[PDB]
Structures are given as C-alpha cells and as structure tokens.
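We begin with a single chain expressed as structure tokens, specifically the form deposited in one PDB entry.
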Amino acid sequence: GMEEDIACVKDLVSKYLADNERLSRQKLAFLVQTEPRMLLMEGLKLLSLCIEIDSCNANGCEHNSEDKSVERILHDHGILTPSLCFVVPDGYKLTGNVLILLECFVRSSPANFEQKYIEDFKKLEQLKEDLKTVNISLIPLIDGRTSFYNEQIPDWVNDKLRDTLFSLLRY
C-alpha cells in the first residue's frame, strides 16, 4: 500500500537515474528508506546533489561534498585567514591566491529567485573584502536555477519523483 507506493517510486529512480558513480552513495541512501519523511528527505538530497555536481562540472570546481567552510578550505591549502563570516560553498577552486567559490540554488518563482540571489550575493561579497586583506582574490560565482532539472535524470521523471515524494507524506 504505502509499501507499494514506496517500492514504486524507488523503481522509478532505479530505471532513470544516470549510471554515475558519484551518485551511488546517495542513490543507495534513498533506496534503503522505508518511511515517507526519510524517503522525501533523501530524495530531495539526491536531486540537490545532481544539481551541485552539474554546476561544479560546468564551472570546473571541486564539489564541496564535506560541507567545509571557506575558512576550512583555505586552511586545508595552507592558508590562514582572519575571522571570516561563515560560508559553506557548493564548489571551490584554489589556484595560487585566486579562490573561485560557487553557490547554486533553485527558485521557481522570480520574486524568490531575486531575493535569494541578493542573499547569496551578500554572503559572498562579505568574504571578498575580508580575503583581500590576506591577498586572496575571491571570485564569487552564483548559479541560480528556476527548476530542479539536471543532467542526471529525465525532466519528466524529476517532476514525477518530487510530486510523489511529497504526496507520500499521506502516510
């Protein structure tokens, strides 16, 4: 019933998720869930991951899979920093003293898109000023999207997945 619908949406994902090794852990995280809330959560994380991996691949950035702060990233490259505002980017790339940072987001309604853009922009611009004092040049990239569509699953499957996972909340 609920077991039947849960089995069905997993079946949907097994058929259609691209055969990409970088998705394997999170795909399995999704497939092992038996409760609707847990299933929803792991399904949204899978779609988020697909988007982040695409955005990083497009922009040549390392994907920030461990949610490292900027301070942590720089410290891992031997770079010490003053107190920075806390920022966890989706992707990064350090080349000498030039740091590229990438955020990506989804907002399907334009008013929200514009508000969130300003939100991410402000976080990133705070860093830029502060890194300048340690002669790190920040290159802030914002990849704002209007849907959850991505290269790892068909768009129609994407829609059906999200729809189903939220609905299951029926149980």
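Start at 1 with the first residue shown and count on from there. Just so we're on the same page, rigid core means the largest C-alpha set that superposes within 1.5 Å between forms.
Quiz item: Between 33 to 41 and 49 to 57, which has the higher average C-alpha B-factor in the PDB entry?
Solution: That would be 33 to 41.
Quiz item: Out of 93 to 101 and 79 to 87, which stretch has the higher average CA B-factor listed in the record?
Solution: The entry gives the higher C-alpha B-factor average to 79 to 87.
Quiz prompt | Deposited CA B-factor, highest of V106, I139, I118, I142 | solution = The listed residue with the largest C-alpha B-factor is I118.
Quiz prompt | Maximum C-alpha temperature factor, selected from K132, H63, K68, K27 | solution = Result of the comparison over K132, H63, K68, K27: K132.
Quiz item: Lowest, middle or highest third of the chain for the C-alpha temperature factor of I6?
Solution: According to the entry, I6 has a C-alpha B-factor in the chain's middle third.
Quiz item: What third of its chain, lowest, middle or highest, does the C-alpha temperature factor of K160 fall into?
Solution: For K160, whose C-alpha B-factor we compare with every modelled residue in the chain, the answer is the middle third.
Heads up, the form deposited in another entry isn't pictured, but that's what we're talking about next.
Quiz item: Which residue, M38, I118, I139, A58, is displaced 2 Å or more at the Cα between this form and the one not shown after superposing the core?
Solution: So the only displaced C-alpha belongs to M38.
Quiz item: With the core lined up, does the C-alpha of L12 move 2 Å or more between this form and the one not shown?
Solution: No, the C-alpha position differs by under 2 Å between this form and the one not shown.
Exercise. Inspect the rigid-core superposition and answer whether the C-alpha of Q26 shifts by 2 angstroms or more between this form and the one not shown.
Key: Result for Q26: yes, a 2 Å-plus shift.
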